[PDB]
**Student:** 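Okay, here's the structure, questions in a sec.
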Amino acid sequence: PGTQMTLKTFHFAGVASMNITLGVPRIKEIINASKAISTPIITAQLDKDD
Amino acid sequence: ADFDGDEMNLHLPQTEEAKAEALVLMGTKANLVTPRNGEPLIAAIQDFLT
Amino acid sequence: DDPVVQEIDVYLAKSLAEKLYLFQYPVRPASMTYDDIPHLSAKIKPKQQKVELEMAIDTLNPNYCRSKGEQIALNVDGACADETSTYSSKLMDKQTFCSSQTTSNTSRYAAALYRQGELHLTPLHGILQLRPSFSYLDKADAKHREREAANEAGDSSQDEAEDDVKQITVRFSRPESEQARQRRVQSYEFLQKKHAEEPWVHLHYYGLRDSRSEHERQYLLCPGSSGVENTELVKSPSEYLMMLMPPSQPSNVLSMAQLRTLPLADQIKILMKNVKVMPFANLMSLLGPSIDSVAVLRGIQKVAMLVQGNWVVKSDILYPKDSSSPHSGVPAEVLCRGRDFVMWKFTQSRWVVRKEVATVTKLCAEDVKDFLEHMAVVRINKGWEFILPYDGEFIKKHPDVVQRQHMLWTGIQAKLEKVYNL
Amino acid sequence: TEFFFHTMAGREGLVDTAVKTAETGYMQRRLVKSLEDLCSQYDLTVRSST
Amino acid sequence: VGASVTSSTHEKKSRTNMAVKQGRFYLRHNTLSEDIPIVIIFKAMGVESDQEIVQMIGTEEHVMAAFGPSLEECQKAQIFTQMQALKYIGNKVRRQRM
Amino acid sequence: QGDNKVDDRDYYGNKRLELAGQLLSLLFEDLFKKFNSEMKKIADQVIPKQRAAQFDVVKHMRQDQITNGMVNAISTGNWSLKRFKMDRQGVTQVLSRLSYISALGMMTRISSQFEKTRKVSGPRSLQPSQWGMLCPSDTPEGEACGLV
RNA sequence: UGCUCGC
DNA sequence: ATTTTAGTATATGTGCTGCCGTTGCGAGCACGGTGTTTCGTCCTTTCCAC
DNA sequence: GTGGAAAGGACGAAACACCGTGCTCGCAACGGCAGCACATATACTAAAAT
Ligand SMILES: Nc1nc2c(ncn2[C@@H]2O[C@H](COP(=O)(O)OP(=O)(O)OP(=O)(O)O)[C@@H](O)[C@H]2O)c(=O)[nH]1
Ligand SMILES: Nc1ncnc2c1ncn2[C@@H]1O[C@H](COP(=O)(O)OP(=O)(O)OP(=O)(O)O)C[C@H]1O
Ligand SMILES: [Mg+2]
């Protein structure tokens with residue numbers, strides 16, 4: 001799938017911002033298990049989400 | 001492959017055990033599906049679907 | 001947009017041509033001036049202009065730190081030496097401004113004094129930029145070095161008489177290589193020493209508030225009448241443009257301007273070689289109306305022939321004696337004979353058959369095609385037609401030339417009937 | 001202008017694929033060199049070479 | 001965001017760079033042991049007044065605000081004349097192997 | 001340092017094209033300087049100690065130096081100029097005689113300074129500056145895509 | 001060793 | 001004798017100059033191979049005299 | 001047409017080290033995980049004043 005992956009763009013995951021590394025660079029950063037990665041994302045849930 | 005000048009290799013085993021292992025494990029009829037997700041790769045193609 | 005108002009006259013003055021200098025302070029705004037600052041002296045050199053102003057600054061003003069003044073004065077000079085002191089008192093009292101030369105030549109710069117209805121211009125002998133020089137710190141560092149040497153010598157209270165007799169260390173005046181000699185000449189120390197070789201000249205300062213300023217200010221003007229026709233400054237715009245912009249020093253290689261720079265005969269020859277088909281009026285328009293028609297006619301009669309009122313370049317002009325056919329390699333004489341036969345067929349009839357010419361001249365298809373394309377176009381169901389229409393005006397205007405070309409074509413026809421057995 | 005923009009897009013795709021080939025080749029080499037030791041034993045437990 | 005200039009004549013080609021690694025501009029060249037502040041080089045090249053240097057850099061408020069740290073670092077040292085700056089530069093000069 | 005108006009290297013307005021003329025000029029200058037240095041060395045070695053028979057350069061002007069230098073630099077294609085410290089390779093290439101179009105297109109080729117060994121993907125893009133100057137579509141498909 | 005190619 | 005300051009002592013924590021990688025397989029071709037700088041032995045060829 | 005002696009040109013050959021002289025450049029191709037130097041911060045401990 002790495003060869004099958006096209007390394008596309010514009011995939012902001014619905015927020016139209018916050019450029020995140022996805023694709024072969026993302027898989028490489030995951031498999032390398034580096035302590036510091038590029039563009040770290042943390043999803044936090046709220047007690048009062050409304 | 002796309003039949004636009006691709007060169008492919010063809011090897012001949014020199015052992016009965018190797019020949020049997022190739023025919024059994026790497027048989028075309030026994031590898032109709034990829035181990036990635038089980039989807040069949042050997043199927044109809046252009047001029048066969050149409 | 002006419003010059004409605006302000007027709008100001010411009011006068012020139014040579015009284016202060018060699019005595020006018022421009023001093024600009026890049027670090028001092030125009031608001032604050034040095035009119036109230038009492039100056040003390042000005043060092044200057046006639047050659048290699050570099051003026052150093054030495055002025056005095058007040059001390060009792062609240063904008064001066066007397067403690068730091070005493071400190072810097074003790075640093076730059078000695079305790080009570082006063083033999084060569086940058087300051088007379090124990091405080092920083094004198095300030096040095098050093099000049100840097102902007103450009104070597106200042107002939108294109110001029111000072112303009114404006115009076116009611118007139119503007120007087122005066123050339124500038126030199127322009128220098130005055131900046132506050134930091135030279136007392138260098139002497140302070142030198143004095144600190146000599147004080148360090150004194151402290152080194154004073155390590156012991158009583159110093160024995162040193163037997164440091166100067167052994168004769170006279171070095172060889174080695175013959176210096178030309179590269180090393182050029183390096184020494186181009187060195188900064190050599191240039192600075194050469195500049196220092198010129199003796200200094202001391203000058204007093206006269207401020208703007210002094211009466212001498214207003215006295216000598218009148219020298220920028222010149223005695224002369226209001227309206228005087230200048231003897232010089234009378235060159236035409238073309239001459240001025242030539243002055244301020246001095247010069248550095250296929251067969252269609254030569255351009256139109258390079259053509260017009262050539263004699264008329266060469267112009268006609270090159271034009272007939274390039275176009276090979278053109279009327280007389282077009283040639284007169286291209287060469288120019290300033291050229292007489294008789295000269296152009298005599299020139300074209302030597303390199304062209306008359307076909308149906310038009311002019312076609314001669315065969316030998318296109319094909320020199322040493323040339324050959326680029327397609328078949330046949331000698332140029334056969335090409336000239338074939339082209340003469342084609343032109344004769346065109347003079348006899350406006351329509352020419354390619355197959356007949358190929359059969360008579362015994363030439364290949366490509367040579368006949370090249371001969372026809374130079375003077376004909378393909379008309380369907382009619383063969384080859386002459387590219388230009390019948391020009392009867394030139395024929396009516398010059399009957400003698402028509403008769404000359406007719407007898408020349410008669411001779412050419414006789415030669416062609418003798419050769420090709422027509 | 002449209003042809004020039006289309007050629008720009010095509011060259012961008014070409015260079016993207018050119019980089020992707022080598023990047024995924026190196027990634028595949030690393031992944032296979034790391035994962036080639038594992039094997040499924042007869043006791044239904046996946047064990048390494050050691 | 002730094003700058004680089006590859007000055008190439010018929011004889012020598014030298015690429016000199018300028019960096020802002022610590023809010024101040026340092027000039028880096030292959031002939032210098034350590035990059036030196038740009039204000040020291042300004043003082044070494046004839047112009048010694050800091051006001052003239054600031055005027056040459058620019059008169060915009062943000063320009064002065066950005067160039068302030070360089071002036072402060074220059075004033076931290078005792079480099080105020082051309083001779084001192086030239087000596088400081090020469091201290092950062094290494095001989096081309098004897 | 002404020003608005004990110006960073007200049008781009010791929011802008012061809014800042015690019016320069018060296019033909020065979022400038023390269024041959026630099027090579028001939030280097031070879032002539034080497035020949036002059038060799039002649040000066042031969043003079044320094046021969047004149048002061050040989051004999052009353054006066055030394056002349058004509059007996060030592062080797063004619064194979066410049067010829068061999070030019071031949072090797074043109075054939076092998078590697079240019080090593082110590083006076084300029086330029087070490088280039090692949091300057092000359094064998095003319096392809098596959099067809100007339102092949103040679104005609106190879107005659108107007110242009111190589112990049114990047115000298116492809118890695119995936120730069122920064123000059124390989126088709127910049128709008130190539131309008132009217134370079135062909136946008138003509139490029140070798142493969143590892144040399146965008147740099148030739 | 002270099003380089004042009006073939007996917 | 002006890003609380004405050006000086007030192008030292010190691011550990012830790014942020015750099016900055018090192019070493020290591022950079023798809024695959026295929027097919028052609030051109031060039032150059034370590035040499036060269038000066039010393040000497042050998043062989044040959046041709047300045048005048050016969 | 002000939003010859004005894006002379007020079008010089010070419011091909012082995014040995015001392016030294018790929019560059020005539022001793023100089024001399026640019027550029028990093030881009031990350032990225034080890035690090036080792038420094039540096040230096042802080043606290044622990046013990047000597048000194050009250
Ligand atoms: N310049 C150059 N170097 C070459 C050439 N062939 C080989 N090399 C060098 O030799 C190395 C590879 O050697 P091979 O090609 O295996 O030599 P080979 O083909 O075994 O040699 P043979 O046994 O004579 O066929 C490379 O690192 C090159 O630097 C050539 O034709 N030119
Ligand atoms: N560098 C390479 N590495 C691996 N495989 C390659 C390489 N170059 C070519 N190939 C082979 O050629 C194939 C590439 O073809 P592909 O890119 O899918 O079509 P294409 O060349 O874009 O054709 P179109 O331009 O779409 O008509 C796939 C691969 O097996
Ligand atoms: Mg294919």
Side-chain angles (χ1 to χ4, degrees), chain A residues 2-3 24-25 28-29 32-38, chain B residues 1-9, chain C residues 177 179, chain D residues 17-33, chain E residues 4 6-8 11-17 21-22 28-31 94-98, chain F residues 9 30 33-46 50 53 59-60 62 65 68 71-98 102-103 105-106 109 111-123 140 142-145 147-148:
Chain A
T3 41
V24 178
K28 180 179 181 300
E29 292 181 358
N32 288 19
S34 60
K35 303 178 181 60
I37 68 173
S38 59
Chain B
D2 39 354
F3 294 144
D4 57 352
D6 293 9
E7 310 175 13
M8 298 190 66
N9 308 336
Chain C
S177 59
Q179 298 181 357
Chain D
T17 55
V19 178
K20 180 65 61 59
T21 48
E23 191 175 359
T24 311
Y26 182 55
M27 182 179 61
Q28 167 88 9
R29 180 185 181 272
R30 293 187 303 178
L31 292 180
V32 177
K33 185 61 63 179
Chain E
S4 300
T6 307
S7 181
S8 86
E11 294 78 10
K12 298 181 179 180
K13 309 178 183 179
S14 60
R15 180 193 66 177
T16 157
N17 307 333
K21 59 182 65 177
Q22 285 289 344
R28 185 185 301 102
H29 194 271
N30 299 330
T31 58
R94 65 275 179 97
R95 297 231 303 176
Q96 302 82 330
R97 298 189 175 276
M98 301 297 297
Chain F
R9 293 289 184 87
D30 189 12
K33 289 181 176 299
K34 291 181 178 300
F35 180 81
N36 295 19
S37 180
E38 181 71 18
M39 192 59 54
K40 182 253 299 180
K41 180 260 301 181
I42 292 300
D44 281 319
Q45 290 185 354
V46 170
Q50 171 60 220
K59 308 304 177 300
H60 301 74
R62 184 181 297 101
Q65 176 70 17
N68 292 331
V71 167
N72 295 18
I74 292 187
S75 187
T76 61
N78 58 331
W79 296 40
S80 60
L81 306 181
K82 189 180 182 301
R83 306 304 179 90
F84 301 93
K85 292 296 183 300
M86 300 171 59
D87 187 8
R88 295 184 176 182
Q89 294 182 358
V91 181
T92 68
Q93 291 187 357
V94 186
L95 180 56
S96 60
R97 283 298 181 179
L98 302 179
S102 180
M106 192 178 184
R109 283 186 176 183
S111 60
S112 301
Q113 188 186 3
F114 289 83
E115 216 68 273
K116 160 252 310 173
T117 316
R118 85 271 182 181
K119 273 64 185 175
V120 207
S121 178
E143 57 179 4
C145 180
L147 297 190
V148 180

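Throughout, protein chains are lettered first and strands after them, A, B, ... in sequence-line order, and every chain is numbered starting at 1. Values reported hereafter were calculated over all heavy atoms of this structure, with side chains retained and with hydrogens, waters and symmetry mates removed.
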**Student:** Tell me whether the side-chain N/O atoms of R15(E) come closer than 4.0 Å to OP1 or OP2 in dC27(I).
**Tutor:**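 Affirmative; the distance criterion is met.
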
**Student:** Using the torsion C1'-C2'-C3'-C4', state whether the ribose or deoxyribose of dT44(H) falls on the north (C3'-endo) or south (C2'-endo) side.
**Tutor:**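 Pucker flag: south.
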
**Student:** Taking centres under 5.5 Å and planes under 30° as the test, is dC18(I) stacked with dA17(I)?
**Tutor:**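 Stack absent between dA17(I) and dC18(I).
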
**Student:** Taking 4.0 Å as the cut-off, does a side-chain nitrogen or oxygen of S75(F) come that near to OP1 or OP2 on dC31(H)?
**Tutor:**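 Answer is yes, contact under 4.0 Å.
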
**Student:** Tell me: CD of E23(D) to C1' of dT23(H), nearest whole Å?
**Tutor:**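 Value for this atom pair: 11 Å.
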
**Student:** For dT21(I) and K34(F) - does any side-chain N or O of the residue sit under 4.0 Å from the phosphate oxygens OP1/OP2?
**Tutor:**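 Checking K34(F) against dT21(I): no side-chain N or O falls below 4.0 Å of OP1 or OP2.
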
**Student:** When we call it a touch if two heavy atoms are under 4.0 Å apart, what does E38(F) touch: a base, just sugar-phosphate, or nothing?
**Tutor:**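 Touches a base.
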
**Student:** Partner lookup for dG26(H), please. Criteria are Watson-Crick or G-U wobble with both distances under 3.5 angstrom; report none if nothing qualifies.
**Tutor:**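 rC5(G) is the nucleotide pairing with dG26(H).
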
**Student:** State, as yes or no, whether the six-membered rings of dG33(H) and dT34(H) are stacked by the criterion of centre distance under 5.5 Å and planes under 30 degrees.
**Tutor:**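 When the rule is applied to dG33(H) and its neighbour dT34(H), the answer comes out as no.
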
**Student:** Rounded to whole angstrom units, what separation is found between the NZ atom of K116(F) and the P atom of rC3(G)?
**Tutor:**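 The answer, rounded to whole Å, is 8 Å.
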
**Student:** Once side-chain hydrogen bond (donor to acceptor under 3.5 Å, both in side chains) is applied, do any residues pair with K116(F), and if so which ones, sequence neighbours excluded?
**Tutor:**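 Testing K116(F) for side-chain hydrogen bond (donor to acceptor under 3.5 Å, both in side chains), a comparison that skips the adjacent residues, returns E143(F).
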
**Student:** Can you measure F84(F) atom CZ to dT24(I) atom P for me and round it to whole angstrom units?
**Tutor:**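 It is 13 Å, rounded to the nearest whole Å.
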
**Student:** Counting side-chain heavy atoms from CB outward, which of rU4(G), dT23(H), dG20(I) is closest to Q93(F)?
**Tutor:**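 Nearest listed nucleotide: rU4(G).
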
**Student:** Which atom pair, heavy atoms only, marks the closest approach of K119(F) to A18(D)?
**Tutor:**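 Scanning both residues, the minimum pair turns out to be CE-O, 3.7 Å.
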
**Student:** Return the minimal non-hydrogen interatomic distance between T92(F) and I74(F), and the atom names on each side.
**Tutor:**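 Shortest heavy-atom contact: OG1-O, 2.7 Å.
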
**Student:** Once you apply the 3.5 Å cut-off to both distances, tell me the Watson-Crick or G-U wobble partner of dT34(H), or none.
**Tutor:**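 The answer is none; no pair meets the criterion.
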
**Student:** Which listed nucleotide (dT23(H), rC7(G), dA29(I)) is nearest to the side chain of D6(B)?
**Tutor:**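 Side chain of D6(B) sits closest to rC7(G).
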
**Student:** Mind checking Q45(F) for me? I need base, sugar-phosphate or nothing, with any heavy atom below 4.0 Å counting as a touch.
**Tutor:**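 The answer is sugar-phosphate, as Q45(F) gets under 4.0 Å only of primed atoms, P, OP1 or OP2.
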
**Student:** Report the secondary structure of DNA chain I in dot-bracket form, marking unpaired bases with a dot and bases paired to a different strand with |, and treating Watson-Crick or G-U pairs with both distances under 3.5 Å as paired.
**Tutor:** ||...||||||||................|||..||..||||||||||||

**Student:** Rounding to an integer number of Å, can you tell me how far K20(D) NZ sits from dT22(H) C1'?
**Tutor:**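 Rounded to the whole Å, the gap is 16 Å.
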
**Student:** Among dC19(I), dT38(H), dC31(H), which nucleotide has an atom closest to any side-chain atom of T76(F)?
**Tutor:**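 That would be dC31(H).
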
**Student:** With a sphere of 6.0 Å drawn around CD of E11(E), does it hold more than 12 non-hydrogen atoms of other residues, nucleotides or ligands?
**Tutor:**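 Result for CD/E11(E): enclosed.
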
**Student:** Might you confirm whether atom CZ of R29(D) has over 12 heavy atoms from other residues, nucleotides or ligands at distances under 6.0 Å?
**Tutor:**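 No - once you tally the heavy atoms of other residues, nucleotides and ligands closer than 6.0 Å, there are 12 at most.
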
**Student:** Show the nearest heavy-atom pair for residues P123(F) and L147(F), with the distance to one decimal.
**Tutor:**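 Closest heavy-atom pair between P123(F) and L147(F): CG-CD2, 3.6 Å.
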
